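S.K.: Have a look at the structure that comes next, please.
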Amino acid sequence: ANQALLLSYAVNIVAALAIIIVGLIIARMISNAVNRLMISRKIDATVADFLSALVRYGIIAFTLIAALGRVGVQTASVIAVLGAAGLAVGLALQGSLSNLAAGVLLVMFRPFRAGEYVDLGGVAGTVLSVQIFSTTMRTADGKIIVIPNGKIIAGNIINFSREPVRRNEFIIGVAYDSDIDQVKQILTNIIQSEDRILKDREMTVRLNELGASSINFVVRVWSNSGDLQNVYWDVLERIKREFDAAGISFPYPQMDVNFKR
Amino acid sequence: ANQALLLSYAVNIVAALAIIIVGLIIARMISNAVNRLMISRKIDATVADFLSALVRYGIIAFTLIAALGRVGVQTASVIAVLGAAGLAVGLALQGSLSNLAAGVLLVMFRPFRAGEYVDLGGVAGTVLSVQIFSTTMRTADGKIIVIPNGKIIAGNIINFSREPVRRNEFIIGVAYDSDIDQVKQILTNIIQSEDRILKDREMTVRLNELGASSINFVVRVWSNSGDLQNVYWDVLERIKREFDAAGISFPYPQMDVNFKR
Amino acid sequence: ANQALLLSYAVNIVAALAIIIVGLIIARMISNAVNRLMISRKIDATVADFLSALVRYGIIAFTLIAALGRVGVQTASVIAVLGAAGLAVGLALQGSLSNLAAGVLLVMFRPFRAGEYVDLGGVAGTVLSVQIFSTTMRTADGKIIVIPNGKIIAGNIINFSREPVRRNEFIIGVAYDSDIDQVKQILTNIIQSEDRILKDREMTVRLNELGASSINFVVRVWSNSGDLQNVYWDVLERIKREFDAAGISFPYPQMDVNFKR
Amino acid sequence: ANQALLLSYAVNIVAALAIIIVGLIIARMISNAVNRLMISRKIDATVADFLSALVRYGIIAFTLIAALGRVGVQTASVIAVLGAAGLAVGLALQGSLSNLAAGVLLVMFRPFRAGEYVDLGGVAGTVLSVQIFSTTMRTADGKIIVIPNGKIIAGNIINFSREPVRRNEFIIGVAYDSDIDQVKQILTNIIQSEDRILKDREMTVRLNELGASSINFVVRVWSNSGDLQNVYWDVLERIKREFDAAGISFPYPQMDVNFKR
Amino acid sequence: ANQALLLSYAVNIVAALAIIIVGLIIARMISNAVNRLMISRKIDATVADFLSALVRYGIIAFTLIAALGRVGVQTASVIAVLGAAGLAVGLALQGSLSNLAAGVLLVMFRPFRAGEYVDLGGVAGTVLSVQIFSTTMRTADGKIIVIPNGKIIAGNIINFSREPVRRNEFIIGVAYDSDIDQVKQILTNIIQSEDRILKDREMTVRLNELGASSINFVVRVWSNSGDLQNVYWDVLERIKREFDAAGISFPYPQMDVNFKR
Amino acid sequence: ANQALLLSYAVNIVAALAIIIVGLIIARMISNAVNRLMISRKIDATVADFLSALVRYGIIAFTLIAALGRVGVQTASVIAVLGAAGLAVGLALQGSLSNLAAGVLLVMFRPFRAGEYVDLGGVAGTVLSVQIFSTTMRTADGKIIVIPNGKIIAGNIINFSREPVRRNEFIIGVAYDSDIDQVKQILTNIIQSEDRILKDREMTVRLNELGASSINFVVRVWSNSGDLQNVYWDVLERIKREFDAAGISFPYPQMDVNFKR
Amino acid sequence: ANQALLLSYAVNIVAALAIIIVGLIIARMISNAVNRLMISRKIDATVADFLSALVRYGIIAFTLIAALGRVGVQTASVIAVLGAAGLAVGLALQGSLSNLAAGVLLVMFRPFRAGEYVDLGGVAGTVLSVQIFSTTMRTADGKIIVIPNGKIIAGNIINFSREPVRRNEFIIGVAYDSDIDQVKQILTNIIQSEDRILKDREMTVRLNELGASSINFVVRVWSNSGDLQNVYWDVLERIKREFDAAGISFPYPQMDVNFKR
C-alpha cells in the first residue's frame, strides 16, 4: 500500500470526476442561458433548439475528452477528428460568412444607398434595403430581386443616379441623298430649341458612319438624370416630325438587284 | 526484481488492457444505442448499417491507438493519416454541408414562400416546398424541378409575386406614314377604357424608336399581379382591332430595290 | 557498469525490437486477412494486389517510424511528409468521394426513381439505375449516358413524370387579314372536341403577339403525362385541316418591296 | 569532472553521430536498391536519376535534422518548412493523382470497353485502350485523341453501342398544299417495305410542326445499332424517290412580296 | 497534510485566479482604449460596438482557456475549434483582403492615374479616384462605376491616354467599278490636306479586301490623343463629300437574280 | 553560488552561442557553395543573387530561432508565421510546379513527339520541342505558340499524324432535278479513277440530306495522311469538271416568290 | 520561505521581464533599421510607415506572448489565432505572389523579348517591357495594355515574329462560269511575278470549295515576316486588276427566283 503513487492516482481520478461533473453543470447552465437569451428576442423554435443541442453536444464532448485526458487516455486522434469536422463546417459556412463580410463592407463604404437606381452585374433596379446577407431591389418592371452581398462586392457596381447629369445618344439613319449640312443644321436647331438639354455641356452632332442602307449621324447631349427619358422621347419625336416636314426620308433596307434572262 | 519500475510497467500494461476493453464495450453499447435510435425513426437499413459500421470502426481505432500510446508505441503518424482522412471526408461533404447551411438560411430569412411564383437563376416556377437540402418547384409547363439550396443562395432570387403590382410593356410597330398623334391618342383611349390598368401609376405612351421597317411605340402600364397576362392579351387584341378599324397598318418587312438592266 | 541507465537503454532497445517484430507480424496477418476477404467477394486481381501492397507499406512505415521514435530518433519530419502525402491523396480522392456522397443523398431523398423520365442539366432520358458513383439513363434516341452523381446533385433536376398532368402550348401564325374571333372560335371548337384535354384545367386561346409576317395565337391546354405527344400531334393536324377547310391561310414570309427606276 | 551529466552528454553526441552515420549508409543502400529496381524494368535514365536524387536528398535531410534534434537544436521551423514544401508538392500532383484515381475507377466500373464507340464530353470515337492516366480513342475521321481520365469521370459518358437498338429520326419538309394523309400513307408504306426497321418498336409518322415555308413531318423508327446509318440513307433516298414519283414537292424558301409603285 | 504537493496545488489555483482576473481587467482596459480610439476618428457606432464586442469575447476566451489549462483541464479540442473558426474567418475575408492588396499594388505601381481615361476588362471611363478597396470611374455616358481592385489587378488594364498619339482606321466600301488609283489618290489628297494628321507617322491607304457588295479600302492615320474623334469625323465627312463630288458611289447591298418562268 | 543550476544555465547559454555561431558559418559556407555551383553552369546574376539571399535569410532565421529556443524564449508563434509564409509560397508556386509535373508526364508517356502535327485544345501546329515547363509549336501559318504543359495535360490532345490513314469528306450540293443514280455513278467513277484513295477502306457515296436549295450528297474516302489535302483538292476539282461536263448544276440559293397586286 | 521553488519563480519572472524588455528594444532597433533602409531607396511614405507599423506590431506580439509563456500563461489559442491570420494573409497575397513567380519564369525562359510583336490570350501588341508583376505592350492601334504575368503564363503565348517567314492566305471568290485552269494560271503568273514571295516554299493555288454564290480558290504563299502585309496588299490589288482585265468577274450574292401568279 504505497502512499505517494496511489494518492496521486486518487487525485487524478477525483480530478477527472470533478472535471466531468463541472463540465456537465456548465453545459446545462450555458444551455439554459442561451435558451433564455433566444427567448428574449426573435428566433425560430426549431433552429434555436438545434443550435442549443449542437453547442451542448460540443461542450459535453469537450469535457468528456478532457476527463479522458486527465485519466490518461490519449485523445489526440479524437482531437484530429474534431479539427477535421470544424474545418468541414468552416468550408461549408465560407459562403455565408463571405456574404456577411461583403454586407458589412457595403454598409461601411456605401457604394449605393436605399432608393438609388443601380445596376449590379446584369440586374438593374431601385434598391429597397440592404440586410446583413443580401440586398433587395425592385426592377422597373416591378419585380423583386434578392442579391447576396458577396456577388455584389465581386464585380462592378454601376450607379446610375450618383451623377446628376447623364448623356443621351441618338443614332439617326437617313438616305445617302440627304444633304449633310441641312441634316446637321436641323438637328442643331432641334437641340437649341430644347431647354432641358444642358447648353454648357458638349452637344455633338456629327456624321458617325456610312451604313449599308443609310448614313448614320450621332447626336450626343447631356441632361439632368431625372429627365433623361423624357428628353430622349421629345427629341426623337421632334426629329421625326422635322425630317418628315423637311423631306428627309429614313430609308428602308436598300437592295441593288441585277436581272439575268 | 525491482519494485518501482516493474510495478510501473505492470500498471501501464493493465491500464492499456483496461482502456482497450472499456473501448470495446463502449463501442458496442454506442452501436446498440445508435441502432435502437435509428429503428425508432425512419431510416434505410443499408445506410443505417453503413453508418453504424463506420462509427464502430472509428471508435475501435480510437481505443486501439490509445492503448498503443499507453503501452508506449508512438501513434503520431497514425494520427496524421487519420487527420488526412478526416480532411478528405470534410472536403467531400463540403457540398452537402453548404447546401444544408443554405437551406437553413432560406428558412430563416424567407426570401420566398411556398406557393410563390419565383425565378431562380434561369428557372421560374411556383415553389412547392423547401427541404433541408433542396427545394421543389413546379413550372408553368407542369414540370417538377429540384434545386439544391446552395445554388439558390448563390446568385439572384427573382420574386415575381412579392410586389402586388407589375408593369406591362407593349411594343407597337406601325408604318412611317401613320400619324403620330393619332396613334398616341388611340393608344391613350384604349388605356383609359381599361379598368384593370391602374390610373394612379404612370401610363407611358411614347414613340420609342425608329426601326428598319416601322416606327416603334412604347406602351407601359401597371396592373395587379394576378391580372397581368389577361390585361396584356386584352390590350393587345384591342390595339389590333382599333388599328385595323382606324386604318393604321402594321407594316411587313420593307425593302427598297433598284433595278439594273 | 551502471545498473539504472544501462538497464533503461536495454529496455528501450528490446521494446523497439518487440515493436518492429510485432508490427511486421501484424502487417502480414492483416494482409492475409484482407486478401482472404477480397477473395471471398468480387474483386480485380491487379487492384486488390495494389491495395494490399499499399496498406502493407503503410503499416510497415508506421511500425518502422514507431521503432525509430522508441530508439530515440525524432521522426517529426517523416510525420510531416506523411501528412503531406495523405493530404495529397485526400485532394485527389475528393472528386470520387463527393460522387459517393452525392449518390448516397440521391438514394436517400429519392429525387428521381428508376424508369422515370427526367432531365439532368441538359441531358434527358429514362433512368435505368443508380449506382454508388454514377447513374445510367437511356435517352429517347436510344443512347446510354452515365452521369456522375456529384454533377447530378449540383444544379437542377427536372423530373418530367412526377406530375401526372402537363401543359401543351401551340403557336399558330396566321395572316393579318384573318378574323380574330373566327380563329378563336375554331380553336375553341377543336379544343372542346378533344376528349384527352382536361376540361377542368385552364384552356387558354388568346392572341399572343403580332409577328413580322403573321399574328401569333397561343393555345395552352393540359393533358395526362402519358398522352401529351399524341395530344399535340392530333391538335396540330386538326388545326391545319380546319384552317385549310375554313380558308385561314398560314402566311409565308411577307415582304414589301418598292421599285426605283 | 562530473560523471553523470558529462556522460549523458557523451551518450547524446555519440548517439547523434551514430544516427547520422546510419542515416547516410541507409540512404546509400536504398538509393542502390532503387537504382537496381529501376534498371530491372523500363525507366528513363534522366527521370530515374532525378527520382533517386530527390529521395536521397529527402532521406539525408531527415537524418541530418534528426541528428540536430538529438544534439539539442530545435528543428521545428525546419519541420514547418518541409511540411509546406510537401503540401506544395501535393497540390502540384493533385491533378495527376486525380487522373490516376479516375483511371482506376474507369477500370473498375467499366463504363466503356475497348473498341466501343462512345462520346466523352464533345468528342466521339472508338476507344482503343485505357491507360493509368489517360485513354486513347480514334475518331471516325481517323484522328487520335488522348483524353485524361479525370475529365472523363467528370461529366457524362455517352455510350453509343451499349444499346443494340437505336432510333432514327427523319424531318421531312413538304409544301402546305400536299395531302397530309397521302404523305402519311406513303411514309408508312416506305417504313413497312423496310426489313431492317424493327416492327415491334414504335414507328412514329406524324405531322410535327408548321414551318415558315413547309409543313414538317416526323418519322421515328428503330433499328439495330450496326445498320442505323444505312437504314437512314436508304429511307432518305426512298422517300425522295417516292415523293418525286408521287408529285410531292419539297418547297424552296417561300416568300410573299407586295409591290408598291 | 503534505507541505509540498498541496502548496504546489495552492500555487496553481492562485495563479489561475490571478490569470483570469488579470485577463478580465486587460480585456476591459483594451476595450476602453479601442472605444476611445474609434471615438477619436470617424467610425460607425454599430460596427465599432460589434468590433469591440468581438475582440472582448476573443480575449476573455483566451484568458478563460488559459486559466483552465493552468488548473489542469486540457483545452486542445477548444484550441482546435478556435483554429477552425479562425480559418473560416480567414477564408471569408480572403476576398476583401485580396482587394486591399490589389489596391496597394495599384497605388504603388501606378498603372493608371486619376483623370485618366482607361478600360478595365470591358468597362471604359475616366478614373475619378482610387480607394483602399475599389476605384471609381465615370463613363463617357456619365455613369458611375465602382470596380473592386482585385478584378482590376486580374486581367488586362487598357490605358487609352498613356500614349499621346493614337491611330485611326477608316473602312471605305466602294463599288467594284470605281477606279482604284483614283480612289487612292483622292484619299491621299484628303489625308495630305489634314493638318492634325501626323505626317511623320505611316499613312496607310491601301485596298484591304474584296467584300460581297463592295471593295474595301483601309485608311490608317495617326493623330494626337486629344483630337482623334474630331479627326475621324472630319476625315469621314470630307471623304463622303469628295466621293459624292467625284462620282464615286458607295454601293447598296448588291444582288444578282435569275428568273425562272 | 549554486553549482548545479548555475552550471546548467552556463551550459545553456554557451550551447546557444555555439548554435548561432555554427549556424552563421554554415549559412556562409552553403551560400558560397551555392554561388560556386551556379557559377559552374548557366544562371542569371540577379536571380542567382536573389536565390542565395533568400536561402541565407532562411538559414539565419532557422539558427536564430533555434538559439532563442535553447535560451528559453518560446518561438511557437514565429514557427506559425513561418509555416504560413511557406504555405503562401507553396500556393504561389502551385502553378509552376503543376506545369513541371505535367511536362514530366508528357516526356514519360509520349502522347506526341517532336515534329508531329497535333491540336492542343484549339491550337494546331507541328511540335518543335518540349521543355520542362512549356512546349513550342509552329502553326501552319508560321506562327510560334508556347503552351504551358499543365493545360496540355488538362483536356484532350488531338494527334493528327499518329494514324497513317485519315478520311476525307465531301459535301456536294446539287439541284433537286438532278438524277440521283447518275450523280452517284459519276462520283463512284471519280473515286475509282483516283489511285491515292484506299480501295480496301469504305468508300461512302450516299445522298446525305435534303437541304433548303439543294440535295446534299456525302462522299467519304480514306487516304494516306501525307496526301489528304492533295486528294481533297484533286477530287473537288475533278467533281466540278465532271459535273460541268455532264450538265449537273450546283444550284444558287433558291427562292419561291408570290406576287400581290 | 523556501529557497528552491521561490528562487525558481524569481528566475522565471526576471527572465520574462528580460525577454519583454529585449523584445521591445529589438523591435525598436529593427524598426529604425527598416526605416533607414527604406529611406536609402525609393519608397512611399504611407506604405513604408504601414509596413514598419505592421512589422513592429508583429514583433511586439511575439515577445509579449513569449513573456506570457515564460510566466506560465498558455498561449496556444493565441498561436492558433495568429496562424489563422497568417493563412488569411497568405491566401490574400496568393495572387500577387503567383504574378511574381510568373514574372520570374518569363524572365528566365524568355518566351518573348522586348520589342517583339506577340499575342497573349486575345490581345496582340509589341512588348515594351516586362516588370516583376506585369508586362506592358503597345497595340498596333497605339493603346497601352498592362498584363499581369500570371495570366500570361497561364494559356498560350503566340509569338508572331519568332519565325522570320510567315504564310499568307488569299480567298478568291469567282463566278461558277469562270475557267478553272485560266484562273489558276493567272494566279500562278501573279505569284511568279512577285519577288518578295519565297520560291522554295510551297505556293498553293487550288480550288478550295464551292460556295453559295461563287467558287472559292485558296492561294497560300510564304514571305518574310517584315513584308507580309505589303505582300498581301500587292497580291490582292494585282489579282483584282488582272481579273478585271481578263474578264473574270467576282460575283455578287446570287439568287434564283421563281414567279407565282
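We name chains A, B, ... following the order of the C-alpha cells; residues begin at 1 in each chain, and ligands are numbered from 1 as shown.
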Residues of chain G were defined as contacting chain F if any atom lay at most 8 Å from it, counting only C-alpha atoms; please report them as a tab-separated table (two decimals) with N, CA, C and O atoms, in the first residue's frame.

M.R.:
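The file below, selection_34.tsv, is the result:
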```tsv
chain	number	residue	atom	x	y	z
G	19	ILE	N	13.06	39.16	-21.22
G	19	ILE	CA	12.60	38.81	-22.56
G	19	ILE	C	11.77	39.94	-23.15
G	19	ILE	O	11.97	40.33	-24.31
G	62	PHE	N	4.92	38.93	-30.71
G	62	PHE	CA	5.77	37.76	-30.48
G	62	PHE	C	6.39	37.81	-29.10
G	62	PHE	O	6.29	36.85	-28.32
G	66	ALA	N	5.63	35.49	-25.82
G	66	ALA	CA	6.76	34.74	-25.28
G	66	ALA	C	6.91	34.99	-23.78
G	66	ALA	O	7.16	34.05	-23.01
G	67	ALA	N	6.78	36.25	-23.36
G	67	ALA	CA	6.84	36.56	-21.94
G	67	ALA	C	5.70	35.90	-21.18
G	67	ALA	O	5.88	35.40	-20.06
G	69	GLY	N	4.23	33.08	-22.03
G	69	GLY	CA	4.55	31.67	-21.93
G	69	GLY	C	5.60	31.39	-20.87
G	69	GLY	O	5.52	30.39	-20.15
G	70	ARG	N	6.61	32.26	-20.77
G	70	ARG	CA	7.62	32.10	-19.73
G	70	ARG	C	7.00	32.25	-18.34
G	70	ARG	O	7.33	31.49	-17.42
G	79	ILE	N	-1.64	31.48	-30.45
G	79	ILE	CA	-0.86	30.98	-31.58
G	79	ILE	C	-1.79	30.49	-32.69
G	79	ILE	O	-1.51	30.70	-33.87
G	82	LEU	N	-3.13	33.57	-34.46
G	82	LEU	CA	-2.09	34.16	-35.29
G	82	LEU	C	-1.83	33.32	-36.53
G	82	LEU	O	-1.60	33.87	-37.62
G	83	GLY	N	-1.86	32.00	-36.40
G	83	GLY	CA	-1.71	31.14	-37.56
G	83	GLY	C	-2.86	31.31	-38.54
G	83	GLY	O	-2.65	31.31	-39.76
G	86	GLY	N	-2.23	34.53	-40.36
G	86	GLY	CA	-1.18	34.35	-41.34
G	86	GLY	C	-1.66	33.60	-42.57
G	86	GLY	O	-1.29	33.93	-43.70
G	87	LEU	N	-2.49	32.57	-42.37
G	87	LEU	CA	-3.06	31.86	-43.50
G	87	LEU	C	-3.97	32.76	-44.32
G	87	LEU	O	-3.99	32.68	-45.56
G	90	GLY	N	-1.77	34.93	-46.36
G	90	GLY	CA	-1.19	34.16	-47.44
G	90	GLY	C	-2.17	33.94	-48.59
G	90	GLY	O	-1.81	34.08	-49.76
G	91	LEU	N	-3.42	33.61	-48.26
G	91	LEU	CA	-4.43	33.47	-49.29
G	91	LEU	C	-4.68	34.79	-50.01
G	91	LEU	O	-4.88	34.80	-51.23
G	93	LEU	N	-2.48	37.23	-50.47
G	93	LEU	CA	-1.31	37.55	-51.28
G	93	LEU	C	-0.99	36.47	-52.30
G	93	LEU	O	0.02	36.60	-53.01
G	94	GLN	N	-1.79	35.41	-52.36
G	94	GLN	CA	-1.56	34.35	-53.34
G	94	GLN	C	-1.50	34.90	-54.76
G	94	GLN	O	-0.63	34.51	-55.54
G	95	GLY	N	-2.43	35.79	-55.12
G	95	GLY	CA	-2.45	36.29	-56.49
G	95	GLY	C	-1.20	37.07	-56.84
G	95	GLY	O	-0.58	36.85	-57.89
G	97	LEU	N	1.74	36.98	-55.36
G	97	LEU	CA	2.91	36.10	-55.36
G	97	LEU	C	2.95	35.24	-56.61
G	97	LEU	O	4.03	34.99	-57.17
G	98	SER	N	1.79	34.77	-57.08
G	98	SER	CA	1.75	34.00	-58.31
G	98	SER	C	2.18	34.85	-59.49
G	98	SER	O	2.90	34.37	-60.38
G	101	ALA	N	6.01	35.04	-59.31
G	101	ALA	CA	6.64	33.82	-59.79
G	101	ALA	C	6.54	33.71	-61.31
G	101	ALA	O	7.50	33.31	-61.98
G	102	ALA	N	5.38	34.06	-61.86
G	102	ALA	CA	5.21	34.03	-63.30
G	102	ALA	C	6.16	35.00	-63.99
G	102	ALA	O	6.73	34.69	-65.04
G	108	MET	N	13.23	34.22	-66.99
G	108	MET	CA	14.18	33.11	-67.15
G	108	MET	C	14.08	32.49	-68.54
G	108	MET	O	15.05	32.51	-69.30
G	111	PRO	N	10.15	33.54	-73.17
G	111	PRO	CA	9.23	33.21	-74.27
G	111	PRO	C	9.11	34.33	-75.28
G	111	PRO	O	8.91	34.07	-76.47
G	153	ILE	N	1.46	33.54	-68.17
G	153	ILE	CA	1.98	32.19	-68.04
G	153	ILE	C	0.86	31.17	-68.26
G	153	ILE	O	1.04	30.18	-68.97
G	154	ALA	N	-0.30	31.41	-67.66
G	154	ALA	CA	-1.47	30.62	-67.99
G	154	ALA	C	-1.88	30.89	-69.43
G	154	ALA	O	-1.84	32.03	-69.90
G	155	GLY	N	-2.25	29.83	-70.14
G	155	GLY	CA	-2.67	29.96	-71.52
G	155	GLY	C	-1.50	30.11	-72.47
G	155	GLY	O	-0.34	30.24	-72.08
G	156	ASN	N	-1.82	30.09	-73.76
G	156	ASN	CA	-0.80	30.11	-74.80
G	156	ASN	C	-0.20	31.50	-74.96
G	156	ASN	O	-0.79	32.51	-74.57
G	157	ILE	N	0.99	31.54	-75.54
G	157	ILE	CA	1.69	32.78	-75.86
G	157	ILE	C	2.05	32.69	-77.34
G	157	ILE	O	2.98	31.98	-77.72
G	158	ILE	N	1.31	33.41	-78.17
G	158	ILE	CA	1.58	33.42	-79.61
G	158	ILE	C	2.67	34.44	-79.89
G	158	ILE	O	2.52	35.63	-79.60
G	159	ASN	N	3.78	33.97	-80.46
G	159	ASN	CA	4.90	34.84	-80.84
G	159	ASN	C	4.89	34.98	-82.35
G	159	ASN	O	5.19	34.02	-83.07
G	160	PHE	N	4.55	36.17	-82.83
G	160	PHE	CA	4.42	36.38	-84.27
G	160	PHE	C	5.77	36.45	-84.96
G	160	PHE	O	5.95	35.87	-86.04
G	161	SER	N	6.73	37.15	-84.36
G	161	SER	CA	7.98	37.48	-85.04
G	161	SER	C	9.11	36.52	-84.72
G	161	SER	O	10.25	36.76	-85.14
G	162	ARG	N	8.85	35.45	-83.97
G	162	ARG	CA	9.89	34.46	-83.72
G	162	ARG	C	10.33	33.78	-85.02
G	162	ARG	O	11.52	33.57	-85.24
G	163	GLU	N	9.37	33.43	-85.87
G	163	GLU	CA	9.70	32.84	-87.16
G	163	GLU	C	9.88	33.93	-88.21
G	163	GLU	O	8.97	34.73	-88.41
G	165	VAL	N	9.73	33.79	-91.34
G	165	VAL	CA	8.90	33.59	-92.52
G	165	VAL	C	7.49	33.19	-92.08
G	165	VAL	O	7.33	32.29	-91.25
G	166	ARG	N	6.49	33.87	-92.63
G	166	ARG	CA	5.09	33.58	-92.36
G	166	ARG	C	4.35	33.39	-93.67
G	166	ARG	O	4.79	33.85	-94.73
G	167	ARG	N	3.21	32.71	-93.60
G	167	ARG	CA	2.44	32.33	-94.77
G	167	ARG	C	1.20	33.20	-94.89
G	167	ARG	O	0.48	33.42	-93.91
G	168	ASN	N	0.95	33.69	-96.10
G	168	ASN	CA	-0.28	34.40	-96.41
G	168	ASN	C	-1.32	33.43	-96.99
G	168	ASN	O	-0.99	32.35	-97.47
G	206	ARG	N	-5.10	26.39	-105.45
G	206	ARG	CA	-6.04	25.31	-105.72
G	206	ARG	C	-7.46	25.82	-105.52
G	206	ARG	O	-7.70	26.82	-104.84
G	207	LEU	N	-8.41	25.11	-106.12
G	207	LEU	CA	-9.83	25.37	-105.90
G	207	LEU	C	-10.21	24.82	-104.53
G	207	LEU	O	-10.14	23.61	-104.30
G	208	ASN	N	-10.62	25.70	-103.62
G	208	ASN	CA	-10.77	25.30	-102.23
G	208	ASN	C	-12.15	24.72	-101.94
G	208	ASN	O	-12.26	23.69	-101.27
G	209	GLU	N	-13.20	25.38	-102.41
G	209	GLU	CA	-14.55	24.92	-102.12
G	209	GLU	C	-15.52	25.54	-103.12
G	209	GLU	O	-15.15	26.39	-103.94
G	212	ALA	N	-21.82	29.35	-101.91
G	212	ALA	CA	-23.22	29.55	-102.29
G	212	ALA	C	-23.35	30.34	-103.58
G	212	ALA	O	-24.17	30.01	-104.44
G	213	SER	N	-22.54	31.39	-103.74
G	213	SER	CA	-22.63	32.26	-104.91
G	213	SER	C	-21.36	32.30	-105.73
G	213	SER	O	-21.31	33.01	-106.74
G	254	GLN	N	-25.69	35.70	-105.41
G	254	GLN	CA	-26.63	35.19	-106.40
G	254	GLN	C	-27.95	34.82	-105.74
G	254	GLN	O	-28.03	34.56	-104.54
G	255	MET	N	-28.99	34.78	-106.56
G	255	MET	CA	-30.31	34.35	-106.10
G	255	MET	C	-31.08	33.82	-107.29
G	255	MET	O	-30.98	34.36	-108.39
G	256	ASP	N	-31.82	32.74	-107.07
G	256	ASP	CA	-32.68	32.15	-108.09
G	256	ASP	C	-34.12	32.30	-107.65
G	256	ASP	O	-34.51	31.73	-106.62
G	257	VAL	N	-34.90	33.04	-108.41
G	257	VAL	CA	-36.27	33.38	-108.04
G	257	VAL	C	-37.22	32.67	-108.99
G	257	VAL	O	-36.89	32.45	-110.17
G	258	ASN	N	-38.36	32.26	-108.47
G	258	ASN	CA	-39.41	31.62	-109.26
G	258	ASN	C	-40.72	32.35	-109.01
G	258	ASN	O	-41.11	32.57	-107.86
G	259	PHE	N	-41.39	32.72	-110.09
G	259	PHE	CA	-42.56	33.58	-110.03
G	259	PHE	C	-43.83	32.75	-109.89
G	259	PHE	O	-43.97	31.69	-110.50
G	260	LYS	N	-44.75	33.24	-109.06
G	260	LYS	CA	-46.08	32.65	-108.95
G	260	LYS	C	-47.10	33.76	-109.18
G	260	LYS	O	-47.04	34.80	-108.52
G	261	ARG	N	-48.03	33.52	-110.10
G	261	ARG	CA	-49.06	34.50	-110.45
G	261	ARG	C	-48.44	35.83	-110.87
G	261	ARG	O	-48.81	36.88	-110.36
```

S.K.: Would you give me, as a ChimeraX atom specification, the residues in segment 88-151 of chain E that DSSP reads as helix (DSSP H, G or I)?

M.R.: /E:88-109,149-151
